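**Student:** show me how the following folds:
(chains A, B and C, ligands or ions: 1)
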Amino acid sequence: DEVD
Amino acid sequence: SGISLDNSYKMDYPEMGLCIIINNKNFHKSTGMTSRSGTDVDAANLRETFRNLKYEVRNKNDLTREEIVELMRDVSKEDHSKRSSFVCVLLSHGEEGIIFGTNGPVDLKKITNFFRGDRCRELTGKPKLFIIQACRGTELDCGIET
Amino acid sequence: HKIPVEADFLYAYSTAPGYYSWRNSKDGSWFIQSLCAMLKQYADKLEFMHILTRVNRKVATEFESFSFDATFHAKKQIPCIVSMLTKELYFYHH
Ligand code: NA
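**Tutor:** Numbering: from 1, shown residues only, chains lettered A, B, ... in the order given. The relevant structure is shown in the block below.
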């Protein structure tokens, strides 16, 4: 999971 | 004819329309933006999904801010007379109101303004769908137990 | 005899105003994953706003972040449908  | 109702967009033109997918994965080092691992999965999923809806899909990868604006300009001036709708999917970094090209940001308003009812007459009255996978800020939703 | 120049746009945002949007490096983004699944399952059945509402529910209920960083762990996401459409939109016809 990663943020944009 | 019998009674008619007009509650639904006309979607039986000869073509469903364009689906432009802009897939920005790799950004210029000078921007300091991280690569977007997993976006190719998204771009392929969308390509297949909109292919099955009978859209003319174009996948574009790693576009600069200048390339994004020119692509939107060019696409808005194509012949849409035989097309029911227009779809554009943006996959990139962003913040509120903004999407990033590989070398810097683009105002979302700049992109969509090309398709305004008065500036793109062959999409007047036709649905123009913008699908945006991008941050809108830096807040995090902590959620709440059900 | 005229329509607003802003009419007939639909903005399907992955996340609420002001918020991060979540992407999984293996599976793709939560929103696009869910959008494609719901289009595949319902495009021959539901009006587009009702499809996008199913997307909202899928993202809201089935996804939660996992991070070694406490700041980014156990977080949630709701997409944001923004409709200036003037009619119902069905991807099928006839
Ligand atoms: Na997402």
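
**Student:** which residue is nearest the centroid of chain B?
**Tutor:** Compute the mean C-alpha point of chain B, and by Cα atoms, centre = their mean the closest residue is residue B:88, 2.2 Å away.

**Student:** distance-wise, check that residue relative to chain C.
**Tutor:** Applying Cβ to the nearest Cβ, to the nearest Å, the value for residue B:88 to chain C is 10 Å. Every C-beta, even on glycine, is put in place using the N, C-alpha and C of the backbone.

**Student:** helix/strand/coil for the closest residue to residue B:58 other than its chain neighbours?
**Tutor:** In space, and not counting its chain neighbours, residue B:58 is closest to residue B:20: 5.4 Å by Cβ to Cβ, 6 or more residues apart in numbering or on different chains. Following DSSP: H, G, I helix; E, B strand; the rest coil, the label given to residue B:20 is strand.

**Student:** roughly how far does residue B:20 sit from the ion?
**Tutor:** Distance, residue B:20 to the ion, by Cβ to the ion, to the nearest Å: 19 Å.

**Student:** on that earlier part again, who's in contact with the residue nearest to the centre of chain B?
**Tutor:** Contact analysis of residue B:88 by Cβ atoms under 8 Å, 6 or more residues apart in numbering or on different chains lists B:19, B:20, B:22, B:72, B:111, B:129, B:130, B:131.

**Student:** ok, now residue B:40?
**Tutor:** If you count contacts by Cβ under 8 Å, 6+ apart, residue B:40 has them with B:23, B:25.

**Student:** can you report how many residues neighbour the residue in chain B that chain A sits nearest to?
**Tutor:** When scored by Cβ to the nearest Cβ, chain B has residue B:135 as its residue closest to chain A, at 4.7 Å. Residues contacting residue B:135 under the criterion other Cβ atoms under 10 Å in any protein chain shown number 25.

**Student:** residues in chain C within reach of the ion, list them.
**Tutor:** For chain C, the residues in contact with the ion (Cβ under 5 Å from the ion) are C:14, C:21, C:22, C:29, C:30, C:31.

**Student:** is residue 12 part of a helix or strand, or is it coil?
**Tutor:** No chain specified, so I'll use chain B. Under three-state DSSP, residue B:12 comes out as coil.

**Student:** wrong one, chain C
**Tutor:** Applying three-state DSSP: residue C:12 is strand.

**Student:** my read: it touches residue C:53, true?
**Tutor:** No: between residue C:12 and residue C:53 there is no contact under Cβ atoms under 8 Å: 11.2 Å.

**Student:** neighbour-wise, which of these two wins?
**Tutor:** Higher neighbour count among residue C:12 and residue C:53: residue C:12, with 22 against 15, using other Cβ under 10 Å.

**Student:** what strand or helix carries residue 81?
**Tutor:** Went with chain B since none was named. For residue B:81, there is no enclosing helix or strand under DSSP states H and E.

**Student:** not quite, go with chain C.
**Tutor:** Assigned by DSSP H and E, residue C:81 falls within strand C:80-83.

**Student:** coming back round to it: now render the contacts of residue B:88 as a markdown table, adding neighbour count.
**Tutor:** Shown next, in a markdown table, are these (neighbours: other Cβ atoms under 10 Å in any protein chain shown):
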| residue | neighbour count |
| --- | --- |
| B:19 | 24 |
| B:20 | 21 |
| B:22 | 24 |
| B:72 | 20 |
| B:111 | 21 |
| B:129 | 19 |
| B:130 | 21 |
| B:131 | 23 |
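
**Student:** just name the closest of those residues to residue B:101, please.
**Tutor:** Of all the contacts of residue B:88, residue B:22 has the smallest distance to residue B:101: 8.8 Å, by Cβ to Cβ.
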